[PDB]
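Accompanying notes for the structure given below.
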Amino acid sequence: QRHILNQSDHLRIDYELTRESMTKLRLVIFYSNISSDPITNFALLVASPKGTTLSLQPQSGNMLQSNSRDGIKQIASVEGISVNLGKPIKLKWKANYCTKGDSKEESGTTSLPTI
């Protein structure tokens with residue numbers, strides 16, 4: 001169910017990935033603070049994979065308390081020919097947030113598992 005997009009020392013981004021129809025996936029993304037200090041000003045930025053429309057709904061919040069699991073949730077969907085062809089979909093993403101003392105960035109390109 002929960003696939004890991006990224007795990008740093010301060011933050012775990014993971015997600016559920018479901019197929020709603022023949023042309024549409026649903027991503028429920030969750031952000032977890034695994035540090036003993038609060039995380040503020042969180043934001044995830046995404047690009048749309050090559051054969052795909054990406055619909056990104058707003059995040060539930062932008063703050064994460066110390067040792068908070070799933071403190072922010074964010075819904076997305078993925079649609080288009082690449083979802084239909086059962087091709088591998090690569091998600092380019094970037095996050096910014098502030099912890100105490102630092103302003104941090106994390107970024108990657110992650111392949112999403114099978115339709």
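We label chains A, B, ... in the order they appear in the structure tokens, count residues from 1 in each chain, and number ligands from 1 in the order shown.
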key: Within 12 Å of residue 78 of chain A using only C-alpha atoms, minus same-chain residues under 4 positions, as a PyMOL selection string   = chain A and resi 17-28+46-57+82-84+89-91+112+115
key: Sel. of alpha helix (DSSP H) residues, segment 2-94 of chain A, as a PyMOL selection string   = chain A and resi 81-84
Output C-alpha atoms of each residue in that selection to a file, as a PDB file, in the first residue's frame.
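Ended up saving to again-v3.pdb:
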ATOM      1  CA  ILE A  81      -1.965   7.382 -22.536  1.00  0.00           C
ATOM      2  CA  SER A  82       0.949   6.293 -20.317  1.00  0.00           C
ATOM      3  CA  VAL A  83      -1.491   5.201 -17.589  1.00  0.00           C
ATOM      4  CA  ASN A  84      -3.396   3.239 -20.246  1.00  0.00           C
TER       5      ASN A  84
END
Please list as a JSON list (two decimals) with N, CA, C and O atoms, in the first residue's frame every residue within 9 Å of residue 69 of chain A, counting only C-alpha atoms and excluding residues in the same chain fewer than 6 positions away.
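To be explicit, this is the file written out as part-v1.json:
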[["chain", "number", "residue", "atom", "x", "y", "z"],
["A", 12, "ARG", "N", 9.81, 11.89, 5.76],
["A", 12, "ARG", "CA", 9.45, 10.73, 4.92],
["A", 12, "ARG", "C", 8.24, 11.10, 4.10],
["A", 12, "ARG", "O", 7.23, 11.52, 4.64],
["A", 30, "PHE", "N", 1.58, 11.37, 1.56],
["A", 30, "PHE", "CA", 1.63, 11.67, 2.98],
["A", 30, "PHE", "C", 3.03, 12.12, 3.34],
["A", 30, "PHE", "O", 4.02, 11.53, 2.89],
["A", 31, "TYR", "N", 3.11, 13.12, 4.20],
["A", 31, "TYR", "CA", 4.37, 13.67, 4.63],
["A", 31, "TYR", "C", 4.53, 13.45, 6.12],
["A", 31, "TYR", "O", 3.61, 13.76, 6.89],
["A", 32, "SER", "N", 5.67, 12.87, 6.52],
["A", 32, "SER", "CA", 5.93, 12.55, 7.92],
["A", 32, "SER", "C", 7.23, 13.18, 8.45],
["A", 32, "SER", "O", 8.29, 12.98, 7.87],
["A", 33, "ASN", "N", 7.14, 13.90, 9.56],
["A", 33, "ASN", "CA", 8.31, 14.48, 10.23],
["A", 33, "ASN", "C", 8.83, 13.40, 11.16],
["A", 33, "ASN", "O", 8.13, 13.01, 12.10],
["A", 34, "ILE", "N", 10.02, 12.89, 10.86],
["A", 34, "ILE", "CA", 10.70, 11.91, 11.72],
["A", 34, "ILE", "C", 11.87, 12.55, 12.52],
["A", 34, "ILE", "O", 12.69, 11.83, 13.09]]
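The interatomic distance for the pair atom CA of residue 10 of chain A and atom CA of residue 113 of chain A works out to 24.6 Å.
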Contact residues around residue 93 of chain A with only C-alpha atoms at 10 Å, ignoring same-chain residues under 4 positions, as a ChimeraX atom specification = /A:5,44-48,106-110
Kindly save the residues from that selection, with C-alpha atoms included, as a compact mmCIF listing (two decimals), in the first residue's frame.
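Listing of part_2.txt after writing:
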# COMPACT_ATOMS: atom_id res chain seq x y z
CA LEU A 5 8.94 8.33 -2.52
CA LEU A 44 5.97 19.85 -2.85
CA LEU A 45 6.35 20.82 -6.49
CA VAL A 46 5.81 18.39 -9.33
CA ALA A 47 6.12 18.20 -13.09
CA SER A 48 3.83 16.24 -15.32
CA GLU A 106 14.91 17.62 -1.38
CA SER A 107 14.34 16.53 -4.93
CA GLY A 108 14.19 13.51 -7.11
CA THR A 109 12.73 11.55 -9.98
CA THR A 110 10.94 8.46 -8.86
